[PDB]
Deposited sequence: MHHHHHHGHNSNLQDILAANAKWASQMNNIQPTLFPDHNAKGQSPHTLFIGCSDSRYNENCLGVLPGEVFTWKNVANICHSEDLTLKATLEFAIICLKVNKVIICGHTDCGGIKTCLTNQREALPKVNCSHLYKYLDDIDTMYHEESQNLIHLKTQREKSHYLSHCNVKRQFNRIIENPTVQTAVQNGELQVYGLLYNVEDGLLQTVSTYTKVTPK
């Protein structure tokens, strides 16, 4: 099966050499879920344009080293002019909390996934009094995916590296939601030099 992968890669690479010879300086940092159904390509860019941080449920803890390190590198060293936090509908991590199945993770040897999803569960609990007005699971799941984009966006825009670059007119931050059913991006939040602060 590795030989299948190497074969698939060689085919892909020969085609890629022909199509984009200049590929063989990004302007955007894309932060998205590890979910297999999308990546930075949903932005309608070519390779080389988008530097990507992809993690389970696109979680951006404010005091996390990887977040701070990634924002510093993208903004100060690579000099991206866009940071995009892009969640998506039908997110596994969110569903696991929404359907109260996080409790069951330690039983099946997923104690670290359990701990990792703490932030998502905390959001889900905070949101109980808003969820109750939505009738179907589809609606609740959509709401929490949207809500998670706001949640992580608000932490990114408090980051001092981000505030400095934005204030200087060198950076804009967008919070987007990818709809898996149609491939469309939807605007959740924006933070630019001119947005009210």
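Comparing the deposited sequence with the modelled residues shows gaps at 1-11, 36-43, with numbering starting at 1.
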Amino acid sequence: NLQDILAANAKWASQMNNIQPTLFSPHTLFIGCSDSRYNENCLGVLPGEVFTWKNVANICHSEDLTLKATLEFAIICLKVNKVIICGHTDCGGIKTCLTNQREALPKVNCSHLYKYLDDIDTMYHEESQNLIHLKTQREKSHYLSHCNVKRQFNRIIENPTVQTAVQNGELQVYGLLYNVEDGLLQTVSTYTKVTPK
From here on, numbers count along this sequence of modelled residues.
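Mean C-alpha B-factor is higher over 12-20 than over the other stretch, the pair under comparison being 12-20 and 174-182. For the two regions 98-106 and 112-120, the entry's Cα B-factors average higher over 98-106. When the C-alpha B-factors of 37, 68, 138, 155 are ranked from the entry, the top spot goes to 138. Based on the entry's C-alpha B-factors, the most elevated value among 50, 132, 33, 60 belongs to 132. Residue-level temperature factors show residue 55 in the lowest third of its chain, judged at the C-alpha atom. Placement of the Cα temperature factor of residue 159 within the chain: middle third of the modelled residues, per the deposited record. In this PDB entry, residue 79 carries a Cα temperature factor that places it within the middle third of its chain's modelled residues. Ranked within its chain, residue 29 lands in the lowest third, by CA B factor from the PDB record.
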